[PDB]
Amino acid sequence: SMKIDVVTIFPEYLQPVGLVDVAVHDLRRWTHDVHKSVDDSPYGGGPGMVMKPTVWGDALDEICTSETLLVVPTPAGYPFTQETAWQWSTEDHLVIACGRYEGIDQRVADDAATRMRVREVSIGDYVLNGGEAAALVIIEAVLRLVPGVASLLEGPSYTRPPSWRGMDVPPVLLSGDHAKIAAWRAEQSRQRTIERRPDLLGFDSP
């Protein structure tokens, strides 16, 4: 049993989303002007626009409680990893605040943290157009761990036919020897890990 509220200026984006309820809210619902303005130019200068804290404050006041875990996707966040997904999988209430433009006024998260637990997180070292794709990633990774639903890369998998275009499934996998298969898979995992993610085994990255 988990409730996830997603707040966004693009609710349509979240369409790809009884053990869990997922609600999507249009941030602009909490505006008061006819222009429904949620952004403004940054103090101190710079390109693009920043989301005003006022509208966010009103939205989160309505949706959050002191028990809420507020998740704020940002390229400057703490890394979201499998460990994080396991941790959040046992939470009662996630609220995901999706930014657009060049991000959200820092006081939204700072103020919220006086009232609830707040987690500014990055899903990877690349820049998205906004938090919505990150919300989908976080929701996917967490929900598959929810009850009722390691440091190595997985090796290759195969299925029928045993030969295809002159490419054979590795013979050990057809041998029925559970121990030999286990050993081979363990070796494949470690070789793939040293090739693709040597950092996971404590070596320098390329």
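Rigid core: the largest C-alpha set superposing within 1.5 Å between the two forms. Position 1 is the first residue in the sequence shown; the rest follow in order.
After a core fit, the C-alpha atoms in 9 other deposited structures of this protein lie farther on average from the shown form in one of 76 to 84 and 101 to 109, namely 101 to 109. Where the structures in 9 other deposited structures of this protein are fitted on the rigid core, 180 to 188 is the one of 21 to 29 and 180 to 188 whose C-alphas sit farther from the shown form on average.
In the other compared entries of this protein that model both flanking residues, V149 lacks coordinates in at least a third of them.
Per the record, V149 and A150 are separated by 10 or more deposited residues that have no coordinates. In the deposited entry, the stretch joining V17 to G18 is interrupted by 10 or more residues of the deposited sequence lacking coordinates. The question of which stretch, 34 to 42 or 66 to 74, has the higher mean Cα B factor is settled in favour of 34 to 42. Mean CA B-factor, 175 to 183 versus 161 to 169: the higher value falls on 175 to 183. In the PDB entry, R197 places in the middle third of its chain by CA B-factor. Ranked by C-alpha B-factor against the other modelled residues of its chain, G155 falls in the middle third.
Annotation for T114: C-alpha temperature factor in the highest third relative to the rest of the modelled chain, per the entry. Remark: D105 belongs to the lowest third of its chain, ranked by C-alpha B-factor as recorded. Looking at the C-alpha B-factors along this chain, the one for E120 belongs to the lowest third.
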